[PDB]
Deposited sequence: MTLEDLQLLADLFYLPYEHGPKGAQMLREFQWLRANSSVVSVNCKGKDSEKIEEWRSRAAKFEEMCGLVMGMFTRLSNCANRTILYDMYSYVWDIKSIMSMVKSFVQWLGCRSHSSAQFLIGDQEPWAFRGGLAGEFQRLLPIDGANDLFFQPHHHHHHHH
């Protein structure tokens, strides 16, 4: 759908700016993380259950996208979708709460200033 692409574009927007929907989710997660005594526990789980609803919408859209008729568009960018799909699982699931690199060139580079 159109609203599906709007969200997709907002997650992979511009180099110095995230899309509205992208910035919205980021702002809320930052807030949930930063928050008988007082009844502000009412607003936290209301706002946390609304966010677990937004983590469920974004992922429903992702599975939908993978079932597209155009496999040519999909095979070019799904690797990026697959990564944000994993990072929103552990985001939701959170809220619910080599090694000696470069080879010979690299080894020679470690003995060089710059």
Gaps in the model, given as deposited-sequence positions counted from residue 1
1, 37-46, 109-126, 144-161
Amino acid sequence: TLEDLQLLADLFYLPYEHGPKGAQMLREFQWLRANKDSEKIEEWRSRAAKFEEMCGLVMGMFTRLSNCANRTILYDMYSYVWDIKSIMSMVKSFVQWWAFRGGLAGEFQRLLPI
From here on, numbers count along this sequence of modelled residues.
Does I41 have no coordinates in at least a third of the other PDB entries examined?
yes
Quick test of your reading: does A99 have no coordinates in a third or more of the other entries compared?
yes
Which has the higher mean CA temperature factor in the PDB entry, 8-16 or 98-106?
98-106
Stretch exceeding the other in mean C-alpha B-factor - 60-68, 36-44
36-44
Largest Cα B-factor, entry values, listed residues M54, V81, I87, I73
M54
Temperature factor at the Cα of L112, chain-ranked in thirds, falls in the middle
